[PDB]
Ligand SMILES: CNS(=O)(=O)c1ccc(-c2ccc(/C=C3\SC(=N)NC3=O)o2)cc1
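As structure tokens, one chain now follows by itself in the form solved without this ligand.
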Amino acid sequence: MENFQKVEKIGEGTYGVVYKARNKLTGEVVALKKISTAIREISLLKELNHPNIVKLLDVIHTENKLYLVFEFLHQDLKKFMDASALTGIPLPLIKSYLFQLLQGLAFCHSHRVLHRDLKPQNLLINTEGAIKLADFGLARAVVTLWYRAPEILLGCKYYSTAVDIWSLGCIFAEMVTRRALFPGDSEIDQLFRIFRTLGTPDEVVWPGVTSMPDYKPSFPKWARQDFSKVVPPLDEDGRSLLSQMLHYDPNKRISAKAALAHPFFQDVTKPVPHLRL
């Protein structure tokens, strides 16, 4: 856009290209995403400001096009995990990232705003130890299924803030194990990977599940596995929190606020990562 010089293509998300760009009236370096209800929704997001949410600087509807101007961060968690693959992210850094993302979510959720599409590529990091949620509230306004809550996969139309806790729990496990927890390549393959690990859900563990739109009585019935086998060598506190974040019933699943009081975070700190830019 006339005021912005494109520097580099950062990504080609579901919603449009994202470029690193430089503003000319200010010299600021930004991320520029090229995309009336959508405009009004998007405008609401300009006010949803928190230190763990990527700042939306400006929303330009010009030439009948939509550009979102975000603060720029230098690395995403996907690339940081790929870079830490041989050693693993240190637990204290895992714990700090998790706590910070929970603070982000607790904030958004308290305003009834859901992310809906959390994934390592949408979690951005800086040199100061911060992690932030990117593309927040845009879903309202190949796609990876790996982080999708089971209520979404079973066709619930009116899903809740719990869907974000599910996604962050999947990311948490991935930080710890250095492998995606549920790497499905179709909706049914995503659902069956979840069932193979957590057991096929039923009315005992999830009241009303059998009435969900895409629920089928013919689903194979797998027994649950042990978290000690899912995320070794995470400690008992981490495994307890993880289990609560991956409850099938969205109403039993831990909230962001309650997760912040979990004993896992008794000793949380804010380390600085080793970042090569």
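Think of the rigid core as the biggest set of C-alphas that the two forms share within 1.5 Å after superposition. Numbering starts at 1 and runs along the sequence shown.
The form solved in complex with this ligand exists for this protein as well; it is not shown, and the discussion that follows is about that form.
Contact with this ligand, judged by heavy atoms within 4.5 Å in the bound PDB entry, is confined among 93-101, 182-190, 169-177, 72-80 to 72-80. Although the partner is absent from this view, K33 contacts this ligand in the bound PDB entry, with a non-hydrogen atom inside 4.5 angstroms. Within this chain, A149 is remote from the site of this ligand in the bound PDB entry, having no heavy atom within 4.5 Å. Among heavy atoms of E41, some come within 4.5 Å of this ligand in the bound PDB entry.
Not displayed here, this ligand is approached by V18 to within 4.5 Å at the level of heavy atoms in the bound PDB entry. Proximity to this ligand in the bound PDB entry, taken as a non-hydrogen atom within 4.5 angstroms, holds for one residue of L154, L145, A134, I131, which is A134.
Core-aligned CA deviation for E63 between this form and the one not shown: 2 Å or greater.
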